[PDB]
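A lone chain, given as structure tokens: the form deposited in one PDB entry.
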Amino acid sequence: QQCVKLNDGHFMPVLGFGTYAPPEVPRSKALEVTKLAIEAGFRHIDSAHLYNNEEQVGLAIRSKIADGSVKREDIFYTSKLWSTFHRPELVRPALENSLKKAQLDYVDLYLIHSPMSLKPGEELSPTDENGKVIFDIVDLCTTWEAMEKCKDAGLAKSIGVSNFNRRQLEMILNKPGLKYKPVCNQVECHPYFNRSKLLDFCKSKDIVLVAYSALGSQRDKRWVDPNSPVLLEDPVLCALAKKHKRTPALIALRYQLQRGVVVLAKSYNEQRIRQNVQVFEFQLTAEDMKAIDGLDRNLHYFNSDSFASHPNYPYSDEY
């Protein structure tokens, strides 16, 4: 499918498959749907250590390779370094563990999952005696130096960041002796939070903005306010769907593609997985795009209020 050339020289498919499913979903499902996604045409697959599914996603990939559906070089697999492994010496070992889990020799993209460092350890969510998550203080530039070492070691073809604001990205870009710029910044991006300012900045530095929750999130009552507006039920998106004879999801996805944003799309439903690849079958008019541009309400679906006190909380800046 369509790809975008990274400041790396490497290529990333502009459409990616989101693999996160809540803990209640059996892990066998991740294996099943990833195969369905590859069969549908998805070549870009987004995972992470935190998802507790890299083994299943890797198994699916190995399966589609074995049956001759695809070759490893045809698949773009990404993993993410969790915040409890920000200390430089824990980076490569974290990547190696993901590689071992997924039964892969390398990941096409490794990202620092979030700039908000947490206390080092196996536990992904460390909390103190009063039930509060334990933060850690780490110079992300040293974490980045460790990431660069992983790319030089061939373990990651490309390296990037996730959930970084302009200031945090600049910290890396301005780091003395910088070897590799992040190829991307994966952030929450959709019509209710389009990130136009950050997008423009990223474009100026040749960094790709990858959109997550591009379809409005999974809206789990544990992290998403039920009163928050349902994206796929937006009057404007629905109007454009009926006009183009597509669906609101396809409209939201096409919007990103036309503004130069790589879009992720999660679905554990075979029919919807197959529908999502149809985003390349139609185009939105310039007027359609302006209409969607006006939907922005700076709405972040995930309730990150508990991290508001973190020195690296990214949402303090205007962008």
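The first residue of the shown sequence is 1; numbering continues from there. C-alpha atoms forming the largest set that superposes within 1.5 Å between two forms make up the rigid core.
- The stretch with the higher mean CA B factor, choosing between 276-284 and 46-54, is 276-284.
- Higher mean CA temperature factor between 108-116 and 179-187: 179-187, per the PDB entry.
- Within the group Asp152, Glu145, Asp136, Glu96, the record's highest C-alpha temperature factor is found at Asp152.
- The entry lists C-alpha B-factors for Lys80, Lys205, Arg87, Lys197, and the highest of these is at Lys205.
- Sorting the modelled residues of the chain by their CA temperature factor places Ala60 in the middle third.
- In the deposited entry, the Cα temperature factor of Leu299 places it in the middle third of its chain's modelled residues.
- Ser69 sits in the highest third of its chain by CA B factor, as recorded in the PDB entry.
- In the deposited entry, the Cα temperature factor of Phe307 sits in the top third of values across the chain's modelled residues.
- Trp223: CA B factor in the highest third of modelled residues in this chain (values from the PDB entry).
We do not show the form deposited in another entry, though everything after this point is about it.
- Measuring CA movement between this form and the one not shown with the rigid core aligned, the set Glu233, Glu89, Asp152, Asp128 has one residue at 2 Å or more: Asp128.
- Core-superposed comparison between this form and the one not shown: CA of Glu24 displaced by less than 2 Å.
- Positional change of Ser306 between this form and the one not shown reaches 2 Å or more at the C-alpha, relative to the superposed core.
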